[PDB]
Every structure is written in structure tokens, then in C-alpha cells.
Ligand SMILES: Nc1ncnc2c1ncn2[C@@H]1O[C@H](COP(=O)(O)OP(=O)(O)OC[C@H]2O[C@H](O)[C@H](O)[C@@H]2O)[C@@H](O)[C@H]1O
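First comes one chain, alone, set out as C-alpha cells in the form solved without the named molecule.
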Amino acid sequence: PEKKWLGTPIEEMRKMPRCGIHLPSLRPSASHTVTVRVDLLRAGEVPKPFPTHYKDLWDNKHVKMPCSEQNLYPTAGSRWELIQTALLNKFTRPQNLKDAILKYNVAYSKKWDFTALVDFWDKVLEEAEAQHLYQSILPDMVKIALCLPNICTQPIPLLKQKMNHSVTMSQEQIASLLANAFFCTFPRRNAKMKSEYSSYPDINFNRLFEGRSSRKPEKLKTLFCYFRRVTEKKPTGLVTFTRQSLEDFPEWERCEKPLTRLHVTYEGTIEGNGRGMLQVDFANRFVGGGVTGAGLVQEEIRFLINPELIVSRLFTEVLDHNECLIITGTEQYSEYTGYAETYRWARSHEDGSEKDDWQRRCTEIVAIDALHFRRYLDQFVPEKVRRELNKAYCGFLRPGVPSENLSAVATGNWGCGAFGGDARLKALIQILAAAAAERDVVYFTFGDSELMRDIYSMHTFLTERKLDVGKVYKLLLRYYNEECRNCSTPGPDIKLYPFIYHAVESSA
């Protein structure tokens, strides 16, 4: 029988907090928006907002806040005043919640279906659970939502394409923002022919309430677990959201960097067994994918069990080819079983992760989007090999951080299966990108033991024969030119790994 794991023992890999740099003092800069008082930041205490009182920016460089005095509705009145009046009502039946949300979303009264919300409230939840939802949870959520201007006093910049910028806010600030997202209060984020925000993911939660899918009740359970936790016991930590956009990449053909360590296994999970490691989110270029709609695979699941990730959709413009989003400090509030149609909320999770010197949990997640390959051979074209190498490299590289202070990358089959990526090519691409960024690799194959063995065997071969990144890249070019370029069938007769073995064994 196959071994459960191969390569370097996982305990020898680097992880946070042990491997981490000594952090300088947290402070605002041109590259770093910080929305809390760093001088009074203390372990186990809710951070204070900075500035002390609300400041509004209503412009194309910042989030358009629901509490803005420029948020107007039909003479021209205050939409925030209307939101307060709508939400400060007793909820006893799901229609009451629908009617509240639609008071300040009149244009969508016909377009937004609330069937899933109604079924969740009336049929899925037991009577006692329903009562708790409308008697405590929903009112408590309204309270933190309407406190937005007192909690989020600082304008939140949009993380636009090409920006290298970080935003660090408190988990409490995120809770208030996400409660607003639940009640669908964010202006200009709803229209299908919207202009300014057409390049941003959805933030308002309206699509969680629609339709008859059995998935919706599980999403609502997972999110209500979160909202219950944060309203009963306010979170005290911070979270950093960092957009990274690289213009320059390794000259892959000539790269002399050696391959790094590999641990590869067909058991375990990125979030469970990659604790303290750089955890890859197999992203959509709109970060979070269909979390607030119909999607429920790797990304969306992560965005539901660590829901502070969802707030990134408020201010993160769609990723370009050379970009990623890095999120440090999100907390796990839920446990789940299954996947996609079998996904179920299992129970609450009590996150026991340590926090760094900026009070961020030692959980780092990077959203990198693979290309979708609707024609299989396209991914072996050198330009597309380089696109994926560069995307992964952007996700892994940390400018100005010594290699010894970098955790292993915890990843797996990125953009494979129905997205069209070849697992064996994609594994080698990530290994090369990690090598270029001088990080080790922990690779989860999710039940595919043959794939685990093949990845380990290839890494071992390449490592023992001392082929550096450039040598392996040149072998990929050889495969393209010799077996793919002139291939009249959907796939070549000889596979990549066999081709590499024979290429090297027939060489000098």
C-alpha cells in the first residue's frame, strides 16, 4: 500500500510564528493604511479606532460608505437615516427582514428573491434556534451595523490594479462592515450595468437569500455561526489585506535557483495541516469567487469558515495576471464536512492560533487565480506556462524578507479538474515558482495517492540530478516544441513526466 506522505517530514518545514521576522512597530505610511490606534493596541483588548471620530471620503479612491452624508435617496434625503429606521424594527418572521432590506433597495424589490432566507428561517432551523436568530442575533447584528461610523472612522482605500498597498483593520471593524454587507447596505454595488464597481466582486449578501439550492442553508448556518461569535464576544485581533502587483519576474529560462524541499501527501487539508504556513486560496480573479452567490468549492469554503476574508471583496479590484491578494490574521469560526453539493456546516470552531506582534493571528492566505483551460494543450504553450509561473511567484514572493523567515507554501491541485489544468504540470509550476521565491512546498493531493507518488518521484529525480529552475523550464519548452506544438489530438501521445525522465536519461 502507498505511504500517506513522502519527502521532507512536515515538522522540519518552516512555519509561523517561529520562523517570523521581528516586526517593526505598526504605523501608517504611504504603502500601509492602518485604521486603529496603534499606541493603545494591546493583547486581548478590542482595538480603538483612528481617527477618534468618523471622517468621510466619497470619491473614486475609497469605499463609498453606507453612513456617508453623500449617500442619498429620493426630494433628496439621507439613505443612512433610512437604513437606521428600516433595521431598528422588531423581526419575528423572515418577511420582516426582507421588507427591511428592501426599504433602501427599492429598485431590486422584484430582482432579489428571498426564498432561501425564508426556507432557512421557517423550515431548516428548529423553533428555538429561529427564536434566538430573531430575538438576539439579528438585533445584535443591527447594532454593530448601525455603529459603522463609530467603529470604522477612517476612509478605506480601494486596492486597485497595479497598487502595492496594505490595509490593516480590526476584526471588530470587519464585523461591522460584514453586518452591513449582510443587510445589503453598500451603495453602488448592486446594479448589473454598474460602472465604477463593475471590476469589483459583489459585497452585499443578497444572493445568499435567493433560490431553492440546499447549499444556501449551509452558507447561512456558517455565516450565522460567525455573526453569533463576534456579537457575543468581540474579536480583539487585527487583519492585514495586501495587494501585491509585480511588473518584473524571473528570467525563467536562465534562473539558477535550486529546487527547494517538498512534503507531499494525499491526506490532510491546507487549512488543517498547513497551520502557520502560506496557504493558497485557489482563487477566482474576483477574490472569493461565488461566496456571496452560488459557488461552494475550495475558495468559497475558505471564505465562509474564515469570513473576515469576505470583506476583501469590498475594496479589492479584480486581479490582473501579475497580481495577488495576501491576507494575514483571519480567524476560523466554523468547521465543516464535505464539499460543493455535500458541503455541510459541522460546528463552531474555537481558533487557538497564536498572534504576532501586531495582534494578527498566525494565519496567512494568498488568493492566486489559475487560468481556465478550455483547450487542454493551451497550458503547455510557453507563454501560458510563464503566466502561471509568474502568478504563483507573485503569490509566494515577499520582497525584503530573508528566505529563512519565510514559511513553507501549503498548496495543492491549483486550477485543475474541471477548470482544465493538468495536475502534474501545475504541481511542477508551483514547485518552480516556490524555488524562485526560495520557499519550501507542502503539497496536498486530496486523496490522489498516485499523484502524490508521481510528484515526489519527479521532485526527487530533478533534485538528485541537480537541475535548477532554468533547466527544468527548458525541459518544459522541449515538451512543448517536441510533443504539443504539432499535436493534432487533444493530448500528446507522451505525457510530460515520462518525457522529462527520458529527456534527462538520454542527455549528457
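Residue positions are given as counts along the sequence shown, with the first one as 1.
Enquirer: Going by the record, give me the number of deposited-sequence residues missing between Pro74 and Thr75 as none, 1 to 3, 4 to 9, or 10 or more.
Expert: The entry leaves 4 to 9 residues without coordinates here.
Enquirer: Averaging the C-alpha B factors as listed in the entry, name the stretch that ends up higher: 187 to 195 or 259 to 267.
Expert: Mean C-alpha B-factor is greater for 187 to 195.
Enquirer: Return whichever of 456 to 464 and 63 to 71 has the greater mean Cα B factor according to the PDB record.
Expert: The entry gives the higher C-alpha B-factor average to 63 to 71.
Enquirer: Looking at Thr242, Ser214, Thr411, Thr316, which has the biggest Cα B factor in the entry?
Expert: Most elevated C-alpha B-factor of the set, per the entry: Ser214.
Enquirer: Between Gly395, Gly400, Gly329, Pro307, where does the Cα B-factor run highest in the record?
Expert: Comparing C-alpha B-factors across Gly395, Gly400, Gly329, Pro307, the maximum falls on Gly400.
Enquirer: Going by the entry, which third of its chain does the Cα temperature factor of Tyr104 land in?
Expert: For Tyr104, the deposited C-alpha B-factor lands in the highest third.
Enquirer: Consider only the C-alpha atoms of the modelled residues in this chain, order them by B-factor as the entry records it, and name the third containing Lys221: lowest, middle or highest.
Expert: Middle third - that is where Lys221 ends up once the chain's C-alpha B-factors are sorted.
Enquirer: When the modelled residues of the chain are sorted by Cα temperature factor, does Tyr480 land in the lowest, middle or highest third?
Expert: It belongs to the lowest third of the chain when residues are ordered by C-alpha B-factor.
Enquirer: Split the chain's modelled residues into thirds by Cα B-factor; is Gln131 in the lowest, middle or highest one?
Expert: Ranked within chain, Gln131 CA B lands in the highest tercile.
Enquirer: Within this chain's modelled residues, let me know which third the CA B factor of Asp440 belongs to: lowest, middle or highest.
Expert: Tercile = lowest for this residue's CA B-factor.
Absent from the display: the form deposited with the named molecule bound. The rest refers to it.
Enquirer: Picking from 472 to 480, 459 to 467, 54 to 62, 442 to 450, which part of the chain touches the named molecule in the deposited complex when contact means heavy atoms within 4.5 Å?
Expert: Checking each option against the 4.5 Å cut-off leaves 442 to 450.
Enquirer: Is the named molecule in the deposited complex close enough to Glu271, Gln298 and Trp414 that every residue in that trio has a heavy atom within 4.5 angstroms of it?
Expert: Yes, each of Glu271, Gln298 and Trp414 comes within 4.5 Å of the named molecule in the deposited complex.
Enquirer: With the named molecule left out of view, choose which of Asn284, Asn306, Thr260, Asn204 has a non-hydrogen atom within 4.5 angstroms of it in the deposited complex.
Expert: If I apply the 4.5 Å criterion carefully, the residue I get is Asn284.
Enquirer: Which listed residue (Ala418, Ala76, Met193, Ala128) meets the criterion of a heavy atom within 4.5 Å of the named molecule in the deposited complex?
Expert: By the 4.5 Å criterion, the partner-contacting residue is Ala418.
Enquirer: Any chance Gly289 has a heavy atom within 4.5 Å of the named molecule in the deposited complex?
Expert: Residue-level check for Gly289: yes, a contact with the named molecule.
Enquirer: Considering non-hydrogen atoms and a 4.5 Å limit, does the named molecule approach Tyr108 in the deposited complex?
Expert: Contact with the named molecule, no.
Enquirer: Look up in the deposited complex whether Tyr336 has a non-hydrogen atom within 4.5 angstroms of the named molecule, and give yes or no.
Expert: Yes, contact at 4.5 Å.
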